[PDB]
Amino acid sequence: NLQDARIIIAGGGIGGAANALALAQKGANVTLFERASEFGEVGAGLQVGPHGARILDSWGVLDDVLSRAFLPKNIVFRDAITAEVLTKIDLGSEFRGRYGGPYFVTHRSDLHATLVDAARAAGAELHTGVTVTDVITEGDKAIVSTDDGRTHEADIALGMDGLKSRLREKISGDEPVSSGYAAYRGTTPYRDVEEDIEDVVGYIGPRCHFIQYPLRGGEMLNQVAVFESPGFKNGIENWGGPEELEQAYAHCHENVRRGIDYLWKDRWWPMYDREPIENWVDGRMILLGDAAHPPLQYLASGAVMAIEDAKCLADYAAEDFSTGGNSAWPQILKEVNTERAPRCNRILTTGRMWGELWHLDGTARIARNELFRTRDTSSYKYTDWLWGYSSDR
C-alpha cells in the first residue's frame, strides 16, 4: 500500500478526482488543488465503456454511478443523409462477459461528483480555489507552488491540468492542434424531442456527425452535433459559432436536422488534440489525463484514459513503494509512463482516423457504408484493443 507516501495533484477534473480516489484508497496522503472555486462538471452526457466501468467497480463506486446512469442496448451507426442503419455494436450479454463490465452513459457532473465524494471519503484532502503555479523537483521530493504564495513538499506531483496544461511546458513546447471541427451539446427532456431511442445512436455524414443517447431512466436525451467549421478554414479566431450549424447539416436527413434545434447555442467546444508524446515525466512530476494525452473525442475515451491512468499509477505504486519506499518513485513514474503512453497514443492517433472515417463523402462514403454493413458482428477485432485493455501485471 501507500501510507507514508505523499502525492500532490494539480487539477481536479475527472482525471485528478479519479487519481485522488485511487491513491487515497491505497492509504497514501493526497493533496489535490483545483483552480475553480467549486468542484463540478458540465451537466451533459459522457460515455464510459467497460475499460472505464471495470475500474470504477474496483474502486467500489460503479454500483452507485449506475444508479444514476443509463444502460444502452447497442451503439448504432446510421448514415446521416439517409438515416439507414449501417451497423450495431451489441452491448448485451456477450459484450459484458468479454470485457468485464457494462458500456454505460451518464451525466459528466454526476460521475465527477461521485468521484470527488469517494476521494474525500477515502481520505484525500481536496482544495478548491487554488491554482498550482509551478512544480520543480529538488533531491527526492517535488516542490509545488500555489497562487497564495505557499510551497508544498510531496514525494511526487501529478500534472492533471487538462488540454491547456501549463505544467506540460516543462516537458514539451507543443501547442494544441485544431481539428477544424466544433462540438455542440444539448440535453432535452426526452418527451419534448420530436422512433424511441434506447441506444447510443451516431448519425455519420459528410463533414459532420450527430449523436443521441438517453440519460438516467430515459428522462432526458443527450444530443451532440460535431461538424466541420468553414470559419476555421477561413481564419476566424472564435470559429465554430452557431451561425454555422444550419448550413453544416443542410444535406442531412430530417432526423438529424431537427436535432440541431435542441442544442445549447450559447457555448460550444472547438475540438483540438495534441500530437502524441512518449515522455510524460519531469523528475518527480508526471503528466496524466488530458495534460499528457488529450484526444479528439471520436472514441469517447478521454475521461476513461484519465481513469485508467489513476488505476495504473496507484496499482504500480502500491506494488513498488511497499518494498522500495520513497526512493522507488522515479522508477514507478517511468513504469507507469511506459505502460500508459503506447495505449493512450494509439487512442490519439487511431481516434483521428476513426473520426475521418465517419466524415467521408462521395465514393469514400459508399465504401465506408458497405464496410460497416457487411462486417462480422461476432468478431471483436476492431474493439478488443480498446475495450479489452488492462494495465494489470
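We number the residues from 1 along the sequence you see.
**Q** How many residues sit between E194 and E195 in the deposited sequence but have no coordinates: none, 1 to 3, 4 to 9, or 10 or more?
**A** The entry has a short gap there, with 1 to 3 residues left out between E194 and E195.
**Q** Comparing 241-249 with 285-293, where is the mean C-alpha B-factor higher?
**A** Higher mean C-alpha B-factor: 241-249.
**Q** Look up the CA B-factors in the entry and say which stretch, 196-204 or 270-278, has the higher mean.
**A** Going by the record's values, the stretch with the higher mean is 196-204.
**Q** Just grab whichever of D79, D309, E175, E94 has the top CA B-factor as deposited.
**A** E94 has the highest C-alpha B-factor of those listed.
**Q** Among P189, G162, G302, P72, where is the Cα B factor highest in this entry?
**A** That would be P189, according to the entry.
**Q** Can you tell me which third, lowest, middle or highest, the CA B-factor of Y298 falls into for its chain?
**A** Lowest third.
**Q** State the tercile, meaning the lowest, middle or highest third, of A328 with respect to the CA B-factors recorded for its chain.
**A** Highest third, going by the recorded CA B-factors of the chain.
**Q** With respect to C-alpha B-factor, does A121 fall in the lowest, middle or highest third of the chain as deposited?
**A** Highest third, going by the recorded CA B-factors of the chain.
**Q** Ranking the modelled residues of this chain by C-alpha B-factor as given in the entry, is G43 in the lowest, middle or highest third?
**A** Highest third - that is where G43 ends up once the chain's C-alpha B-factors are sorted.
**Q** When the modelled residues of the chain are sorted by Cα temperature factor, does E339 land in the lowest, middle or highest third?
**A** As the PDB entry reports it, the C-alpha B-factor of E339 lands in the lowest third of its chain.
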